[PDB]
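Quick look at structure08.csv (CSV, C-alpha atoms and all ligand atoms):
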chain,number,residue,atom,x,y,z
A,1093,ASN,CA,17.3,12.7,23.6
A,1094,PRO,CA,16.2,15.3,21.0
A,1095,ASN,CA,18.3,18.4,20.3
A,1096,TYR,CA,17.0,22.0,20.3
A,1097,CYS,CA,18.6,25.0,18.4
A,1098,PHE,CA,17.8,28.6,19.3
A,1099,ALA,CA,19.8,31.6,18.2
A,1100,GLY,CA,22.2,29.2,16.5
A,1101,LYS,CA,23.1,27.5,19.8
A,1102,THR,CA,22.2,23.9,20.4
A,1103,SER,CA,21.0,22.4,23.7
A,1104,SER,CA,20.1,19.0,25.0
A,1105,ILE,CA,18.1,17.5,27.8
A,1106,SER,CA,21.4,17.5,29.7
A,1107,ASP,CA,21.4,21.3,29.7
A,1108,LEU,CA,18.1,21.5,31.6
A,1109,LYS,CA,18.4,22.4,35.2
A,1110,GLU,CA,17.2,19.4,37.1
A,1111,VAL,CA,15.8,20.3,40.5
A,1112,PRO,CA,15.7,17.4,43.1
A,1113,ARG,CA,12.1,16.2,43.5
A,1114,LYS,CA,12.5,16.2,47.3
A,1115,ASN,CA,12.9,20.0,47.1
A,1116,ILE,CA,9.6,20.5,45.3
A,1117,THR,CA,6.2,20.8,47.1
A,1118,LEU,CA,2.8,21.2,45.4
A,1119,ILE,CA,0.5,23.7,47.1
A,1120,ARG,CA,-2.6,24.1,45.0
A,1121,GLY,CA,-4.0,23.5,41.5
A,1122,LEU,CA,-4.2,26.4,39.1
A,1125,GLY,CA,-8.5,21.2,31.0
A,1126,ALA,CA,-5.8,21.0,28.4
A,1127,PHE,CA,-3.2,18.2,28.5
A,1128,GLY,CA,-1.7,18.0,32.0
A,1129,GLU,CA,-2.2,19.9,35.2
A,1130,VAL,CA,-0.7,23.1,36.6
A,1131,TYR,CA,0.0,23.7,40.2
A,1132,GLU,CA,1.4,26.4,42.5
A,1133,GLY,CA,4.5,25.0,44.2
A,1134,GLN,CA,7.6,25.7,46.2
A,1135,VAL,CA,11.2,24.9,45.6
A,1144,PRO,CA,11.5,29.2,49.4
A,1145,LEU,CA,11.0,30.0,45.8
A,1146,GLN,CA,7.4,30.1,44.6
A,1147,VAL,CA,6.8,28.4,41.3
A,1148,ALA,CA,4.1,27.2,38.8
A,1149,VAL,CA,4.5,23.5,38.1
A,1150,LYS,CA,3.4,22.1,34.7
A,1151,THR,CA,3.0,18.3,34.9
A,1152,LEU,CA,3.2,15.5,32.3
A,1153,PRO,CA,0.5,12.9,32.7
A,1154,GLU,CA,2.0,9.5,33.5
A,1155,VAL,CA,-0.5,8.0,31.1
A,1156,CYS,CA,1.0,9.5,27.9
A,1157,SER,CA,2.5,8.4,24.6
A,1158,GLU,CA,6.2,8.7,23.6
A,1159,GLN,CA,5.3,11.7,21.5
A,1160,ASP,CA,3.6,13.3,24.5
A,1161,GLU,CA,6.9,12.8,26.3
A,1162,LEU,CA,9.0,14.2,23.4
A,1163,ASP,CA,6.6,17.2,23.2
A,1164,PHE,CA,7.0,17.9,27.0
A,1165,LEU,CA,10.8,17.7,26.7
A,1166,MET,CA,10.9,20.0,23.7
A,1167,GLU,CA,8.7,22.5,25.6
A,1168,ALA,CA,11.2,22.5,28.5
A,1169,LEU,CA,14.1,23.1,26.1
A,1170,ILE,CA,12.3,26.0,24.3
A,1171,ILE,CA,11.4,28.0,27.4
A,1172,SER,CA,14.7,27.3,29.2
A,1173,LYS,CA,16.7,28.9,26.4
A,1174,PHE,CA,14.8,32.2,26.2
A,1175,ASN,CA,16.2,35.1,28.2
A,1176,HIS,CA,13.9,38.2,28.3
A,1177,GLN,CA,11.9,40.1,30.8
A,1178,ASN,CA,8.6,39.6,28.9
A,1179,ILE,CA,8.9,35.8,28.5
A,1180,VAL,CA,8.0,33.6,31.5
A,1181,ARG,CA,11.1,32.2,33.2
A,1182,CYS,CA,11.8,28.5,33.6
A,1183,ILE,CA,13.2,27.8,37.0
A,1184,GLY,CA,14.1,24.3,36.1
A,1185,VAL,CA,12.7,20.8,35.6
A,1186,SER,CA,12.1,17.6,37.4
A,1187,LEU,CA,12.3,14.9,34.7
A,1188,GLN,CA,13.9,12.1,36.7
A,1189,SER,CA,10.8,11.4,38.7
A,1190,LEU,CA,7.1,10.8,37.7
A,1191,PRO,CA,5.0,12.6,37.0
A,1192,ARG,CA,7.6,14.8,35.2
A,1193,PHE,CA,7.6,18.5,36.0
A,1194,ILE,CA,8.5,21.8,34.4
A,1195,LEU,CA,9.0,24.6,36.9
A,1196,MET,CA,8.0,28.1,35.8
A,1197,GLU,CA,8.0,31.7,37.2
A,1198,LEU,CA,4.7,32.0,39.2
A,1199,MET,CA,2.5,34.5,37.4
A,1200,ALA,CA,0.0,35.3,40.1
A,1201,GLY,CA,-2.2,37.4,37.8
A,1202,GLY,CA,-3.0,34.4,35.6
A,1203,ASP,CA,-3.6,34.3,31.9
A,1204,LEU,CA,-4.4,37.6,30.1
A,1205,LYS,CA,-7.7,36.6,28.6
A,1206,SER,CA,-9.1,35.6,32.0
A,1207,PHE,CA,-7.6,38.7,33.6
A,1208,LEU,CA,-9.3,41.0,31.1
A,1209,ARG,CA,-12.7,39.4,31.6
A,1210,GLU,CA,-12.5,39.3,35.4
A,1211,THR,CA,-11.0,42.8,35.7
A,1212,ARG,CA,-13.3,44.7,33.3
A,1213,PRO,CA,-14.6,47.9,34.8
A,1214,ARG,CA,-17.9,47.4,36.5
A,1215,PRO,CA,-20.2,49.5,38.8
A,1216,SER,CA,-18.6,47.6,41.7
A,1217,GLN,CA,-15.1,48.2,40.3
A,1218,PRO,CA,-15.6,51.4,38.3
A,1219,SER,CA,-11.8,52.1,37.9
A,1220,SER,CA,-10.4,48.6,37.7
A,1221,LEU,CA,-8.6,49.3,34.4
A,1222,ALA,CA,-7.7,52.3,32.3
A,1223,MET,CA,-6.4,52.8,28.8
A,1224,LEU,CA,-2.8,53.0,30.1
A,1225,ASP,CA,-3.1,49.6,31.8
A,1226,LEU,CA,-4.0,48.1,28.4
A,1227,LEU,CA,-1.3,50.0,26.5
A,1228,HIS,CA,1.3,48.8,29.1
A,1229,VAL,CA,0.2,45.2,28.5
A,1230,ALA,CA,0.4,45.7,24.8
A,1231,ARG,CA,3.9,47.2,25.1
A,1232,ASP,CA,5.0,44.3,27.3
A,1233,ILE,CA,4.0,41.6,24.9
A,1234,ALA,CA,5.3,43.6,21.9
A,1235,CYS,CA,8.6,43.7,23.7
A,1236,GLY,CA,8.6,40.0,24.1
A,1237,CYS,CA,7.6,39.6,20.4
A,1238,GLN,CA,10.5,41.9,19.4
A,1239,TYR,CA,12.9,39.7,21.3
A,1240,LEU,CA,11.5,36.6,19.5
A,1241,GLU,CA,11.7,38.4,16.1
A,1242,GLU,CA,15.3,39.5,16.6
A,1243,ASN,CA,16.2,35.9,17.5
A,1244,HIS,CA,14.3,34.6,14.5
A,1245,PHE,CA,11.8,32.6,16.5
A,1246,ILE,CA,8.2,32.5,15.1
A,1247,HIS,CA,5.7,32.0,17.9
A,1248,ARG,CA,2.7,31.1,15.6
A,1249,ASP,CA,0.1,31.6,18.3
A,1250,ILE,CA,0.3,35.1,19.8
A,1251,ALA,CA,-3.0,35.3,21.7
A,1252,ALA,CA,-4.4,36.5,25.0
A,1253,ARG,CA,-4.8,33.0,26.3
A,1254,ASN,CA,-1.0,32.4,25.9
A,1255,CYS,CA,0.1,35.5,27.9
A,1256,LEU,CA,0.4,35.7,31.7
A,1257,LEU,CA,0.5,38.5,34.3
A,1258,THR,CA,2.9,38.7,37.2
A,1259,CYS,CA,0.2,40.0,39.5
A,1260,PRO,CA,-3.4,41.4,39.5
A,1261,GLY,CA,-2.4,44.8,40.7
A,1262,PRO,CA,-1.1,48.0,38.9
A,1263,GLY,CA,2.6,47.0,38.8
A,1264,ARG,CA,1.7,44.0,36.7
A,1265,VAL,CA,4.0,42.9,33.9
A,1266,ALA,CA,2.6,40.8,30.9
A,1267,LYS,CA,4.7,38.0,29.5
A,1268,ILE,CA,4.4,35.4,26.8
A,1269,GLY,CA,3.9,32.0,28.5
A,1270,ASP,CA,2.9,29.2,26.2
A,1271,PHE,CA,4.9,28.0,23.2
A,1272,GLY,CA,2.9,24.9,22.4
A,1273,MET,CA,2.3,25.7,18.7
A,1274,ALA,CA,5.9,26.5,18.1
A,1275,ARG,CA,6.8,23.2,19.9
A,1276,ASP,CA,4.4,21.3,17.6
A,1277,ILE,CA,5.9,22.8,14.5
A,1278,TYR,CA,9.5,22.2,15.6
A,1279,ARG,CA,8.8,18.5,16.1
A,1286,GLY,CA,-3.6,18.1,16.4
A,1287,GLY,CA,-5.9,19.0,13.5
A,1288,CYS,CA,-7.6,21.6,11.4
A,1289,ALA,CA,-10.3,22.3,14.0
A,1290,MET,CA,-7.6,23.1,16.6
A,1291,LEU,CA,-5.7,25.6,14.4
A,1292,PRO,CA,-5.8,29.1,15.8
A,1293,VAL,CA,-7.3,30.4,12.6
A,1294,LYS,CA,-8.7,33.5,14.2
A,1295,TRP,CA,-5.2,34.7,14.9
A,1296,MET,CA,-3.6,33.7,11.6
A,1297,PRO,CA,-2.8,35.7,8.4
A,1298,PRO,CA,-4.0,34.6,5.0
A,1299,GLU,CA,-0.6,33.2,3.8
A,1300,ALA,CA,-0.4,31.1,7.0
A,1301,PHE,CA,-3.8,29.3,6.8
A,1302,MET,CA,-3.7,29.1,3.0
A,1303,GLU,CA,-0.1,28.2,2.1
A,1304,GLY,CA,1.2,27.3,5.6
A,1305,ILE,CA,3.8,30.0,5.1
A,1306,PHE,CA,5.2,31.4,8.4
A,1307,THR,CA,7.6,34.3,8.8
A,1308,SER,CA,8.2,37.1,11.3
A,1309,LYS,CA,5.2,38.9,9.8
A,1310,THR,CA,3.0,36.0,10.9
A,1311,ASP,CA,3.4,37.1,14.5
A,1312,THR,CA,2.7,40.8,13.6
A,1313,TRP,CA,-0.7,39.8,12.3
A,1314,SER,CA,-1.5,37.8,15.4
A,1315,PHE,CA,-0.3,40.7,17.6
A,1316,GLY,CA,-2.9,42.8,15.9
A,1317,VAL,CA,-5.6,40.3,16.9
A,1318,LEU,CA,-4.1,40.3,20.5
A,1319,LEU,CA,-4.4,44.1,20.5
A,1320,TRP,CA,-8.1,43.7,19.7
A,1321,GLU,CA,-8.5,41.2,22.5
A,1322,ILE,CA,-6.8,43.6,24.9
A,1323,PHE,CA,-8.8,46.6,24.0
A,1324,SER,CA,-12.1,44.7,23.8
A,1325,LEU,CA,-11.3,43.6,27.4
A,1326,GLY,CA,-11.2,39.9,26.5
A,1327,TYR,CA,-13.8,39.2,23.9
A,1328,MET,CA,-13.4,36.4,21.4
A,1329,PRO,CA,-12.2,37.8,18.0
A,1330,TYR,CA,-14.6,38.1,15.1
A,1331,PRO,CA,-17.8,38.0,17.2
A,1332,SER,CA,-20.4,35.5,16.1
A,1333,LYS,CA,-18.1,34.1,13.4
A,1334,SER,CA,-17.0,30.5,13.1
A,1335,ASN,CA,-13.4,29.5,12.0
A,1336,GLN,CA,-14.4,28.9,8.4
A,1337,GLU,CA,-16.4,32.1,8.3
A,1338,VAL,CA,-13.3,34.0,9.6
A,1339,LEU,CA,-11.1,32.3,7.0
A,1340,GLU,CA,-13.4,33.4,4.1
A,1341,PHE,CA,-13.9,36.9,5.7
A,1342,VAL,CA,-10.2,37.6,6.2
A,1343,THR,CA,-9.2,36.1,2.8
A,1344,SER,CA,-11.7,38.5,1.2
A,1345,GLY,CA,-10.2,41.5,2.9
A,1346,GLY,CA,-12.5,41.7,5.9
A,1347,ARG,CA,-11.2,43.0,9.2
A,1348,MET,CA,-12.6,43.5,12.7
A,1349,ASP,CA,-14.3,46.7,13.7
A,1350,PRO,CA,-12.7,48.7,16.5
A,1351,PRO,CA,-13.4,47.4,20.1
A,1352,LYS,CA,-15.9,49.5,22.0
A,1353,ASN,CA,-14.4,52.9,22.9
A,1354,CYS,CA,-11.1,52.1,21.2
A,1355,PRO,CA,-9.1,55.2,20.4
A,1356,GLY,CA,-8.4,55.7,16.7
A,1357,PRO,CA,-4.6,55.6,17.0
A,1358,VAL,CA,-4.8,52.2,18.6
A,1359,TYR,CA,-7.2,50.8,16.0
A,1360,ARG,CA,-4.8,52.1,13.4
A,1361,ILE,CA,-2.0,49.9,14.8
A,1362,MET,CA,-4.4,46.9,14.5
A,1363,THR,CA,-5.2,47.6,10.9
A,1364,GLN,CA,-1.5,48.0,10.0
A,1365,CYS,CA,-0.8,44.6,11.6
A,1366,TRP,CA,-3.5,43.2,9.4
A,1367,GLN,CA,-2.2,44.3,6.0
A,1368,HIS,CA,-2.8,41.5,3.5
A,1369,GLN,CA,0.8,41.6,2.2
A,1370,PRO,CA,3.3,40.6,4.9
A,1371,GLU,CA,5.8,43.1,3.6
A,1372,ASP,CA,3.3,45.8,4.3
A,1373,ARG,CA,3.0,44.9,8.0
A,1374,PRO,CA,5.2,46.6,10.5
A,1375,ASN,CA,8.0,44.8,12.4
A,1376,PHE,CA,7.9,45.0,16.2
A,1377,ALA,CA,10.3,47.9,16.4
A,1378,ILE,CA,7.7,50.0,14.6
A,1379,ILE,CA,4.8,48.5,16.6
A,1380,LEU,CA,6.6,49.5,19.8
A,1381,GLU,CA,7.2,53.0,18.5
A,1382,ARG,CA,3.5,53.4,17.7
A,1383,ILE,CA,2.3,52.0,21.0
A,1384,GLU,CA,4.6,54.4,22.8
A,1385,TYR,CA,3.2,57.3,20.8
A,1386,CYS,CA,-0.3,56.2,21.9
A,1387,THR,CA,0.8,56.2,25.5
A,1388,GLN,CA,2.0,59.8,25.1
A,1389,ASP,CA,-1.2,61.1,23.5
A,1390,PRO,CA,-3.6,62.5,26.2
A,1391,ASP,CA,-6.6,62.0,24.0
A,1392,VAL,CA,-5.8,58.3,23.9
A,1393,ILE,CA,-5.1,57.6,27.5
A,1394,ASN,CA,-7.8,59.9,28.8
A,1395,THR,CA,-10.4,57.8,27.0
A,1396,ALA,CA,-12.8,56.0,29.3
A,1397,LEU,CA,-13.2,52.2,29.0
A,1398,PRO,CA,-16.8,50.9,28.8
A,1399,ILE,CA,-18.3,49.9,32.1
A,1400,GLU,CA,-20.3,46.6,31.8
A,1501,LIG,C1,1.6,26.6,32.0
A,1501,LIG,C2,0.7,27.7,32.8
A,1501,LIG,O1,1.7,28.4,33.7
A,1501,LIG,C3,1.3,29.3,34.6
A,1501,LIG,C4,0.0,29.6,35.1
A,1501,LIG,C5,-0.3,30.6,36.1
A,1501,LIG,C6,-1.7,30.8,36.6
A,1501,LIG,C7,-3.0,30.4,35.9
A,1501,LIG,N1,-4.0,30.8,36.7
A,1501,LIG,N2,-3.5,31.4,37.7
A,1501,LIG,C8,-4.4,31.9,38.8
A,1501,LIG,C9,-4.0,31.5,40.2
A,1501,LIG,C10,-4.9,32.1,41.2
A,1501,LIG,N3,-5.0,33.6,41.2
A,1501,LIG,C11,-5.4,34.0,39.8
A,1501,LIG,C12,-4.4,33.5,38.7
A,1501,LIG,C13,-2.1,31.5,37.8
A,1501,LIG,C14,0.8,31.3,36.6
A,1501,LIG,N4,2.1,31.1,36.2
A,1501,LIG,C15,2.3,30.2,35.2
A,1501,LIG,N5,3.7,30.0,34.8
A,1501,LIG,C16,0.0,28.6,31.8
A,1501,LIG,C17,-1.5,28.6,31.8
A,1501,LIG,CL1,-2.4,27.7,32.9
A,1501,LIG,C18,-2.2,29.4,30.9
A,1501,LIG,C19,-1.5,30.2,29.9
A,1501,LIG,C20,-0.1,30.2,29.9
A,1501,LIG,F1,0.5,31.0,28.9
A,1501,LIG,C21,0.7,29.4,30.8
A,1501,LIG,CL2,2.4,29.5,30.6

The structure in this file should be written as structure tokens.
Ligand SMILES: C[C@@H](Oc1cc(-c2cnn(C3CCNCC3)c2)cnc1N)c1c(Cl)ccc(F)c1Cl
Amino acid sequence: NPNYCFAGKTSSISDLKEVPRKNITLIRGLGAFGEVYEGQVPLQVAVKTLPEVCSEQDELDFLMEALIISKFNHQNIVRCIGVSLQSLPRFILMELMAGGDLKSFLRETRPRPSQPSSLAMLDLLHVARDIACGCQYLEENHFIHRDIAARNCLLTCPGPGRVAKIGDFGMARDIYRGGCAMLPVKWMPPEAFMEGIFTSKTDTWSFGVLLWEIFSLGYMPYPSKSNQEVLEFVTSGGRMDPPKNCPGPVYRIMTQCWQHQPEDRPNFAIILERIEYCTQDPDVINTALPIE
């Protein structure tokens, strides 16, 4: 059984909370490798499954995922309730995030003539703050996520009291121990996709892209550009334009996250400070989002 180290503390498969399989009931499904279900332990959970038809590396990958999420402890990182590894198919049990992933949420909850006031600027700033808080936790514990993106964040509920959390750590899992075409190039800084150099400032760049995703209400970054076109564009100093109706102060946080030199990019303490200032500024939060 592989070991995992986080914050200088080492854990093993023996440290995972094994929940008896008889206590777990699948309720309903919720494309990638494996399925996800809503389940009950009652305690409502999301259940990630490992296909019984998998390789040894798929097994090790699944195990490492369990170890990684079980060792985080922060309000903006999805909780792991436990695992069921002693029966097949193997399960990882997670906090049920009823709002689903952030990208889907943004696309489905866009303001529309039918839902004219579904979202406001403050909703978006709160999501940004939530994920930046999770990112700050990761930074201060020296963990590099490597794929901070809307598709990897989840919401606790659809409604106004929603909290956003980081939910998928597959890329970090892969690196901890795929192909070029699967690399999240549109979320990666130049030194990452060029030299394979990752630091805390890697996630700062990606967070800038997430911010663009949030304020675009769920558009794919770099509209109309392929991965290689983005690589060349960003390497040459190109950056995305502001999302439709994006307040200047918010776009300015994006452009600071996308500084070419990692040393010139803000850490997450500074990002949080700037997001908070935006939330205080009436001219920002009184700005109307586009209606489709
Ligand atoms: C592994 C899986 O986990 C969950 C998915 C979901 C989820 C996905 N979709 N939905 C919908 C269920 C029906 N109502 C709308 C949301 C809920 C909730 N909690 C989870 N822990 C997951 C998925 Cl599927 C996508 C992105 C993520 F970051 C994660 Cl971590």

Task: Spatial sel., origin (-8.4, 46.0, 27.4), limit 9 Å, all atoms listed in the file, listed as a list in words - done: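 The answer, in the requested form, is residues 1208, 1209, 1212, 1221, 1222, 1223, 1225, 1226, 1227, 1229, 1319, 1320, 1321, 1322, 1323, 1324, 1325, 1326, 1351 and 1397 of chain A.
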
List every residue of region 1294-1362 of chain A that has an atom at most 12 Å from any atom of region 1270-1287 of chain A, and for each one report the closest atom pair and its distance in Å to one decimal, counting all atoms listed in the file, with rows sorted by chain and then by increasing residue number, as JSON lines.
{"residue": "A:1304", "atom": "CA", "partner": "A:1277", "partner_atom": "CA", "distance": 11.0}
{"residue": "A:1306", "atom": "CA", "partner": "A:1277", "partner_atom": "CA", "distance": 10.6}
{"residue": "A:1311", "atom": "CA", "partner": "A:1274", "partner_atom": "CA", "distance": 11.5}

Shell of 6 Å around ligand LIG 1501 (chain A) (all atoms listed in the file), written as a ChimeraX atom specification: /A:1122,1148,1150,1196-1203,1253-1256,1269-1270

- Task: Between CA of residue 1113 (chain A) and CA of residue 1184 (chain A), measure the distance and give it in Å to one decimal.
- Result: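 Here the two named atoms are 11.2 Å from each other.
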
| field | For region 1383-1396 of chain A: contacts at 10 Å, all atoms listed in the file, fewer than 5 positions along chain excluded, given as a ChimeraX atom specification | value | /A:1213,1219,1221-1228,1230-1231,1234,1353-1358,1361,1378

N, CA, C and O atoms are what I want for region 1254-1275 of chain A; can you complete it accordingly and write them as a JSON list (two decimals), in the frame of the given file?
[["chain", "number", "residue", "atom", "x", "y", "z"],
["A", 1254, "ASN", "N", -2.39, 32.90, 25.78],
["A", 1254, "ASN", "CA", -1.00, 32.40, 25.90],
["A", 1254, "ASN", "C", -0.08, 33.41, 26.58],
["A", 1254, "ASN", "O", 1.13, 33.22, 26.61],
["A", 1255, "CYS", "N", -0.67, 34.47, 27.13],
["A", 1255, "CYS", "CA", 0.10, 35.50, 27.90],
["A", 1255, "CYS", "C", -0.35, 35.42, 29.37],
["A", 1255, "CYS", "O", -1.48, 35.06, 29.68],
["A", 1256, "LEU", "N", 0.58, 35.78, 30.25],
["A", 1256, "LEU", "CA", 0.40, 35.70, 31.70],
["A", 1256, "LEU", "C", 0.71, 37.06, 32.33],
["A", 1256, "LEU", "O", 1.47, 37.84, 31.76],
["A", 1257, "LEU", "N", 0.16, 37.31, 33.52],
["A", 1257, "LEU", "CA", 0.50, 38.50, 34.30],
["A", 1257, "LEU", "C", 1.16, 38.18, 35.62],
["A", 1257, "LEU", "O", 0.78, 37.22, 36.29],
["A", 1258, "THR", "N", 2.15, 38.99, 36.00],
["A", 1258, "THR", "CA", 2.90, 38.70, 37.20],
["A", 1258, "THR", "C", 2.09, 38.87, 38.47],
["A", 1258, "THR", "O", 2.33, 38.19, 39.48],
["A", 1259, "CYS", "N", 1.11, 39.75, 38.41],
["A", 1259, "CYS", "CA", 0.20, 40.00, 39.50],
["A", 1259, "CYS", "C", -1.02, 40.75, 39.06],
["A", 1259, "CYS", "O", -1.02, 41.37, 37.99],
["A", 1260, "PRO", "N", -2.11, 40.68, 39.84],
["A", 1260, "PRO", "CA", -3.40, 41.40, 39.50],
["A", 1260, "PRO", "C", -3.23, 42.89, 39.51],
["A", 1260, "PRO", "O", -3.87, 43.59, 38.71],
["A", 1261, "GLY", "N", -2.41, 43.40, 40.42],
["A", 1261, "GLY", "CA", -2.40, 44.80, 40.70],
["A", 1261, "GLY", "C", -1.61, 45.66, 39.66],
["A", 1261, "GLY", "O", -1.05, 45.12, 38.71],
["A", 1262, "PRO", "N", -1.57, 46.98, 39.86],
["A", 1262, "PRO", "CA", -1.10, 48.00, 38.90],
["A", 1262, "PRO", "C", 0.32, 47.78, 38.36],
["A", 1262, "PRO", "O", 0.63, 48.16, 37.22],
["A", 1263, "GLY", "N", 1.19, 47.20, 39.17],
["A", 1263, "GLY", "CA", 2.60, 47.00, 38.80],
["A", 1263, "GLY", "C", 2.75, 45.77, 37.89],
["A", 1263, "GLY", "O", 3.87, 45.33, 37.65],
["A", 1264, "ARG", "N", 1.64, 45.21, 37.43],
["A", 1264, "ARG", "CA", 1.70, 44.00, 36.70],
["A", 1264, "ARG", "C", 2.57, 44.08, 35.46],
["A", 1264, "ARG", "O", 2.67, 45.15, 34.86],
["A", 1265, "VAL", "N", 3.22, 42.98, 35.11],
["A", 1265, "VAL", "CA", 4.00, 42.90, 33.90],
["A", 1265, "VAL", "C", 3.39, 41.68, 33.08],
["A", 1265, "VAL", "O", 3.17, 40.61, 33.64],
["A", 1266, "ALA", "N", 3.14, 41.89, 31.79],
["A", 1266, "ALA", "CA", 2.60, 40.80, 30.90],
["A", 1266, "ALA", "C", 3.81, 40.12, 30.24],
["A", 1266, "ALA", "O", 4.77, 40.76, 29.83],
["A", 1267, "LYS", "N", 3.70, 38.79, 30.12],
["A", 1267, "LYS", "CA", 4.70, 38.00, 29.50],
["A", 1267, "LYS", "C", 4.13, 36.90, 28.61],
["A", 1267, "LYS", "O", 3.02, 36.45, 28.85],
["A", 1268, "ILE", "N", 4.86, 36.48, 27.58],
["A", 1268, "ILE", "CA", 4.40, 35.40, 26.80],
["A", 1268, "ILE", "C", 4.74, 34.08, 27.52],
["A", 1268, "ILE", "O", 5.86, 33.91, 28.00],
["A", 1269, "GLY", "N", 3.77, 33.18, 27.61],
["A", 1269, "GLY", "CA", 3.90, 32.00, 28.50],
["A", 1269, "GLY", "C", 3.82, 30.66, 27.89],
["A", 1269, "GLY", "O", 4.42, 29.71, 28.39],
["A", 1270, "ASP", "N", 3.06, 30.53, 26.80],
["A", 1270, "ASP", "CA", 2.90, 29.20, 26.20],
["A", 1270, "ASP", "C", 3.47, 29.20, 24.78],
["A", 1270, "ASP", "O", 3.26, 30.11, 23.99],
["A", 1271, "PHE", "N", 4.23, 28.14, 24.49],
["A", 1271, "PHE", "CA", 4.90, 28.00, 23.20],
["A", 1271, "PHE", "C", 4.54, 26.67, 22.58],
["A", 1271, "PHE", "O", 5.36, 26.07, 21.88],
["A", 1272, "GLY", "N", 3.32, 26.20, 22.83],
["A", 1272, "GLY", "CA", 2.90, 24.90, 22.40],
["A", 1272, "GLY", "C", 2.87, 24.71, 20.88],
["A", 1272, "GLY", "O", 3.24, 23.66, 20.35],
["A", 1273, "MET", "N", 2.41, 25.74, 20.19],
["A", 1273, "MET", "CA", 2.30, 25.70, 18.70],
["A", 1273, "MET", "C", 3.66, 25.65, 18.10],
["A", 1273, "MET", "O", 3.90, 24.86, 17.17],
["A", 1274, "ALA", "N", 4.58, 26.47, 18.59],
["A", 1274, "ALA", "CA", 5.90, 26.50, 18.10],
["A", 1274, "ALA", "C", 6.58, 25.12, 18.33],
["A", 1274, "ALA", "O", 7.36, 24.61, 17.52],
["A", 1275, "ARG", "N", 6.25, 24.52, 19.48],
["A", 1275, "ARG", "CA", 6.80, 23.20, 19.90],
["A", 1275, "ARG", "C", 6.29, 22.16, 18.88],
["A", 1275, "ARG", "O", 7.06, 21.30, 18.43]]
